Each structure stands twice: as C-alpha cells, then as structure tokens.
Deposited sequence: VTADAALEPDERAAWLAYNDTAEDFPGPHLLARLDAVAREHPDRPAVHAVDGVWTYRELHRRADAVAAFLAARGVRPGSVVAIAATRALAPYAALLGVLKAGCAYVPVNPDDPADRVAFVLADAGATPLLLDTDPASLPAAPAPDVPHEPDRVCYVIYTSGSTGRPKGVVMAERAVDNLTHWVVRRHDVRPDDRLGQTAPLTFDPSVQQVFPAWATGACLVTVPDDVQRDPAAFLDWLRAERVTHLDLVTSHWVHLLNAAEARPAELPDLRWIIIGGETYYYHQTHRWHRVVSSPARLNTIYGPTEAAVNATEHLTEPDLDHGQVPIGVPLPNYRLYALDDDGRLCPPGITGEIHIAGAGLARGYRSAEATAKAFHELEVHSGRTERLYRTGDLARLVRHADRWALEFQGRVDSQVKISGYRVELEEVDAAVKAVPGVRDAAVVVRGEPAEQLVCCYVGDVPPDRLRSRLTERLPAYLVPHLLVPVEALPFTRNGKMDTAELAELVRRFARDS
C-alpha cells in the first residue's frame, strides 16, 4: 500500500535518515521580525538600489504609505497587488507595503510584453494601482491596523510553465518564514552584512536575499542591470560594494568563473554564494577557488518555485576536482522522495522523479487545474501521508562523504534553460513565425548562454528583433537572428 513497500530495511532506513529534517525556529512570525528590526535599528541601511539608500525607518515609512494608499482604494487584506520589478528603491516600498496591508505581491517586469502582463494581472487577481503611480511618492501615513492571520499569502510568482500556460505559484507565510530562518542561520547573516540581489524581483532567488536582509538589520543591495551583463564589471562591483552574500544562477556563475580566470579576483568581504539552477562539476568549482581569493563558500541549492525557492543544499568542497556536485540534503522541514513511474520509492542509487513535501510547499497555483495536476497525497512510509509537489525533475539518492545526498539527473520533459532562464524552444518558434514576413524559423540552443534563430523571411534582423521584443520577454529574444535562404 505504502510507497516504500517493496524496499528492504536498509533501503528504507536510508530514506528515513535522509528526510530526518524537522527543526523548530523561534521568534515571532516573519513580518513581526521585520517590524522589530525597524524598531530596534531605524538608522541602519535597509536597501541600496540604483537611486539611493533607505534607512529601515524610511523603508518602513514609505511602505506604510503604500499600505494606507491600498486601504484607501478598497484593497482589503487577502488581495493580490502587482509591483513593478525594477532595480530602483520604489519596488521595495511597494512589496513591503503590500505585505503590511495584509496582501500578497505579484512582481511584474514593466518591460515585459503588454499581453503577458495582462494575463498575469488577470490570473493573479491583482490590481495594477502600484504599476500606474510611483509607490515611493505616495502621501505619508501610519500603517493601517491589520489583524494578524496565520499563513497569509505573501507572493504570487509566475514561472514559464508551458507555452500559453503561465503558472502563478501562490506562496504563503509559513513557507517564506521557514526559508528566511534557514538563510539567516545557515549563512550566518548579521546586521553588518550586505546581501546582493542578482535576480530581479520577478524570480524567486530575490526572496532569499530580501527577507533575510530585512529580518536581521542587514542591507539589501540590488545588483544593477549594467553590471550583470559584464562579468568582469560584476566581479569588481562585488568588491566595491563589500557584498557578503550573493545569489547566482549556475550559468551566470560560469560567466563569472571565466572572468575570474581572465583576471583573478580578490573578494575579501564575500562569505556565501548561494548558487544553483543547473548541474555543475567539481572541476569547475575547483577552478573557481584557484582564481577567486575569498572566504566565500559555494552553497549549491536545488528547488522549484513551488517549494519556496530552495529544497536541498550542498556545501561545495573546494578540494574536490572531478565529478558532479550533488544537490545535497533537504532544507529544514523539507522532505524529498524519488518515485518511479508507478509511485514507489526508489532504492538508493536508482533514478526517480523528485516529489517534495514539507514546510516550503506553495499553497498551489492560482489555477485549479494546474494545482490538481502537480499537488497530490501519498503514503510514502507506513503511517506517514504526505502532501507532495510533483517536480518533473529526476534524481537518485547517493552516498557522498558519509551521508546520503540527492544527485540531479535531468527532467522528464524537454524544458531547458538559456542564460539560466527556463525556455520552451517551441514558444520562441511560434513567436518568430508569427511575425508577418517570416515564412519559417528554427531556434537552436548554442551553448547554455546563446539562443540562435535561423529564419526564412523578407524582414531584416534588426526589424525582426524590434517585433520580437513587443511579443517575447527580453531574455527569450534570440541572441542571434540569422536570415537564411532555406533551413
């Protein structure tokens, strides 16, 4: 009956040890800890963005004005509110103000195609009030009296899902609080620290940097767009800004490694890089530690948006120089299982599909159908019935050093990543062919870091590029638009 029924006692025992991850965290709930920091450290720098730096006192005052504005416009607790994801100060007042109002934020890239923004607002049930007026200039006010309700939704974040089928992941407070406690404790986040935010607010590694900063008194430092596409400049910016903690996707880190090998870097203030997204190898991380002079350690993480940013972690050993880096052990209060096509727990060493349980799970998606397809219930061990999120990722349980660890093995479908962004190449196919004048087109992955398109048409590449930005997010516009006589 159970999922582990066919396993031998040793195989069962390995999974039981792997998922022995309960941990109790103290203090009040997440927003109360944010307010406590603001009360105790009003003068500390809370956010450093392209147009200046706000103290905790000022960030919370601006957020209070957002919350009062929302209430005055009939936005009651439990609503969803879009925020414009930029690299300036305003989005931070917006997102904090939304939470202070008892609401959840949905981050929107104001440069994204209008059609896609429209879907997000509709699917998220979100008001655009804060997209249409500067949140940072709203009339000053005290924060409205919002009662505490447990496990309020905090954000809805969209992932590409399938073509024509964006998925809005609904994340509630207990998951975000658990994640925040983990970031702070695992990486020793302290009030003097400076947490860089590489990901835009539309991608969930930003959550991992923003809330641990504000829950400790540290400074959130947004990484400017003009340094991200220049890896050499990014390395010098990390030095100049004295950054202590940094989020990176694997493919972006590979560009940094290449820049570091071209000009080795000293980063004495950097202590943690929380890195993940794609498989990488000890021959790469060994190269990194040779050319980056820094105490910085690489914490490899894995996990879908549907399970609160990360689900597993592995501290990368700098001395190892070959083999695949494992994705590691579950975060506190997470449990993960490798299941075969029938739903039985795989023995150690056998590749199965990852199913995730525990404190990090999303409420679900905004859409009921997507929720019913991915979230289910299963008795994995005798007496343990789990709510599970089905990931579509493949992995196997292995011995690494003297403990069990998951090792990533790929996916069950054709989803791939380009410069660290999920892509269905068919979606890019359909966009280019939809441009009037384009007769046919084929989009190919070049690297990891390059999307190359060959197209038959009477339209010059510069003009096709202009048409595609109106239709695709910028990161899905192919890097090379090559006109060909025939494919």
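Colleague: Tell me, which runs of residues in the deposited sequence have no coordinates at all?
Modeller: The deposited sequence has unmodelled segments at 448-449, 490-513.
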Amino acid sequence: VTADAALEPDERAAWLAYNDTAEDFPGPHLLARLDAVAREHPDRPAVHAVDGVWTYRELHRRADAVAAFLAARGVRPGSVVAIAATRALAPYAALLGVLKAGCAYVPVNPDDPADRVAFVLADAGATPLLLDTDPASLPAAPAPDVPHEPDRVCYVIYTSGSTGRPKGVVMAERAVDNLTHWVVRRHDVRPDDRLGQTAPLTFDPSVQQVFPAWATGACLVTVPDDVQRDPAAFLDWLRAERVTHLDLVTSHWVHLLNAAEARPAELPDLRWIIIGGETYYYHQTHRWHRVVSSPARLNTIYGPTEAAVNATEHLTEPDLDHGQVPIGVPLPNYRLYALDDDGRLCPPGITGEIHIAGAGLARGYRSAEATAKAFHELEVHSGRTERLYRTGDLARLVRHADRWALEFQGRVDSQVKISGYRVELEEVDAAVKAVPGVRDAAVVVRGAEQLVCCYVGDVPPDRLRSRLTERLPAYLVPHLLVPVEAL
From here on, numbers count along this sequence of modelled residues.
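Colleague: Hey, does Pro107 show up as a hole in at least a third of the other compared models?
Modeller: No, modelled in all of them.
Colleague: Please determine whether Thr198 lacks coordinates in at least a third of the other PDB entries of this protein that model its flanking residues.
Modeller: Looking at the other entries that model residues on either side of it, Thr198 is present in every one.
Colleague: If you take the mean CA temperature factor per stretch, which one wins between 272-280 and 86-94?
Modeller: If you average the C-alpha B-factors of 86-94 and of 272-280, the larger mean comes out for 272-280.
Colleague: 421-429 versus 55-63: which one carries the higher mean Cα B factor per the record?
Modeller: Averaged over C-alpha atoms, the B-factors run higher in 421-429.
Colleague: Looking at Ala36, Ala68, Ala46, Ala448, which has the highest Cα B-factor in the entry?
Modeller: Checking the PDB record, the top C-alpha B-factor among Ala36, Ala68, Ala46, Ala448 is at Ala448.
Colleague: Looking at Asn109, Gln197, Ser382, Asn178, which one carries the largest C-alpha B-factor according to the PDB entry?
Modeller: Most elevated C-alpha B-factor of the set, per the entry: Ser382.
Colleague: Taking the chain's C-alpha temperature factors as the reference, tell me which third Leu320 falls into: lowest, middle or highest.
Modeller: CA B-factor rank for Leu320: highest third.
Colleague: Looking at the C-alpha B-factor of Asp342, is it in the lowest, middle or highest third of its chain?
Modeller: Highest third of the chain for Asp342's C-alpha B-factor.
Colleague: In terms of the chain's CA B-factor thirds, is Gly352 lowest, middle or highest?
Modeller: It belongs to the highest third of the chain when residues are ordered by C-alpha B-factor.
Colleague: What third of the chain does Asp204 rank in for C-alpha temperature factor, lowest, middle or highest?
Modeller: CA B-factor rank for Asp204: lowest third.
Colleague: What third of the chain, by the recorded C-alpha B-factor, contains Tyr365?
Modeller: Ranked within chain, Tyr365 CA B lands in the middle tercile.
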